[PDB]
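**Q** Whatever this is, show me its structure:
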Amino acid sequence: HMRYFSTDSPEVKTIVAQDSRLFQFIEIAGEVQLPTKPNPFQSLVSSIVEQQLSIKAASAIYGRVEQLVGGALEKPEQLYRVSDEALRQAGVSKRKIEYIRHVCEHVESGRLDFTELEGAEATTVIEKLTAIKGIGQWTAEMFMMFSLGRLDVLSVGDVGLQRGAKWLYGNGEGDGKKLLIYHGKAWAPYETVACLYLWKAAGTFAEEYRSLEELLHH
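**A** Numbering: from 1, shown residues only. Sharing the structure here:
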């Protein structure tokens, strides 16, 4: 499922209410989007496969895992039937295999129930997720956004968001981490939506303009 936020969405209106710099930016940048992966377990496994690899690299390895399970990876039970040597021959590293196994353990033991989590404060979700080997804070945070579609997430550690923060609130200078913590307070409870714009600022706009200030020379 793919989800769009227009410049006149109530979420966007909320995040800009007490931030005119963000407002000035959003009126130029237009809509943002939020991809939502249907299947949570599938997403976690895919997230582990991606670590340290290009989208091209990871896609090759994951394609081969799908063949081992005989189609879409949907359910942890599918991996019981696939050995570790098999996964290694497919190119999944030994560490990534331990992480994937740990995800399975946590889904099938019931520790990690995704329906109860759609409901929990962000603080709790991040706990339940980072309990899994291989899943760090950042990983949990990206997972909450791009897979559980949660709009109240601010990944302070994202170098992307940090780059956007400096651009939008420094003059392309200053401490992205600190800027992001400070200005982020203005966006509750739709922080994820701001983050989409920060990412947008970090990409195309960062490349063509020093700061938000420069862009406002029409």
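**Q** tally of neighbours for residue 142?
**A** The number of residues packed near residue 142 is 17, by other CB atoms under 10 Å. In this view, the C-beta of every residue, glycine as well, is placed from N, C-alpha and C.
**Q** Equivalent analysis for residue 151, please.
**A** Neighbour tally, residue 151, other CB under 10 Å: 22.
**Q** Can you pull up the most central residue in this protein?
**A** By CA atoms, centre = their mean, the chain has its centre lying nearest to residue 142, at 2.2 Å.
**Q** check contacts around that residue.
**A** Counting by CB atoms under 8 Å, 6 or more residues apart in numbering, residue 142 makes contact with 47, 155, 158.
**Q** quick one: which of those residues is nearest to residue 135?
**A** Set against residue 135, the nearest of those by CB to CB is residue 47 (7.9 Å).
**Q** Okay, the residue nearest to the centre of the chain and residue 35: tell me how far apart.
**A** Plainly put, residue 142 is 11 Å away from residue 35 if you go by CB to CB, to the nearest Å.
**Q** just the CA coordinates of the helix or strand hosting residue 214, formatted as PDB?
**A** Using DSSP states H and E, residue 214 maps to helix 212-215. The C-alpha trace of helix 212-215 is given here as PDB (Å, rounded to 0.1, in the frame of the first residue of the first chain):
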ATOM      1  CA  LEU A 212      16.600  27.000   2.400                       C
ATOM      2  CA  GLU A 213      17.600  30.600   2.300                       C
ATOM      3  CA  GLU A 214      19.200  30.300  -1.200                       C
ATOM      4  CA  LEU A 215      16.000  28.500  -2.600                       C
END
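**Q** and the residue lying closest to residue 162 once chain neighbours are set aside, backbone torsions?
**A** Once flanking residues are discounted, residue 162 sits nearest to residue 176: 2.8 Å by CB to CB, 6 or more residues apart in numbering. Phi and psi for residue 176, reported as degrees, to the nearest 10, are phi -50, psi -50.
**Q** What's the local residue count around residue 176?
**A** Neighbours of residue 176 under the rule other CB under 10 Å: 23.
**Q** same thing with residue 173?
**A** Neighbour number of residue 173 under other CB under 10 Å is 11.
**Q** Can you tell me the SS state at it?
**A** Three-state call for residue 173 (DSSP: H, G, I helix; E, B strand; the rest coil): coil.
**Q** let's number from 33 now, not from 1
**A** Noted, 33 is the first residue going forward, which turns the last one into residue 205.
**Q** From residue 122, how far out is the residue nearest to residue 98 when sequence neighbours are not counted?
**A** Closest residue to residue 98 apart from its sequence neighbours, by CB to CB, 6+ apart: residue 105 at 5.9 Å. Residue 105 sits at a distance of 12 Å from residue 122 (criterion: CB to CB).
**Q** hang on, residue 110 packs against residue 97?
**A** No - checked against CB atoms under 8 Å, the pair residue 110 and residue 97 is beyond contact range at 9.8 Å.
**Q** what helices or strands is the helix or strand encompassing residue 134 leaning on?
**A** For residue 134, the host element (DSSP H and E) is helix 126-140. When contacts are defined as 3 or more CB pairs under 8 Å, 6 or more residues apart in numbering; DSSP states H and E, helix 126-140 packs onto helix 72-82, helix 109-112, helix 116-121.
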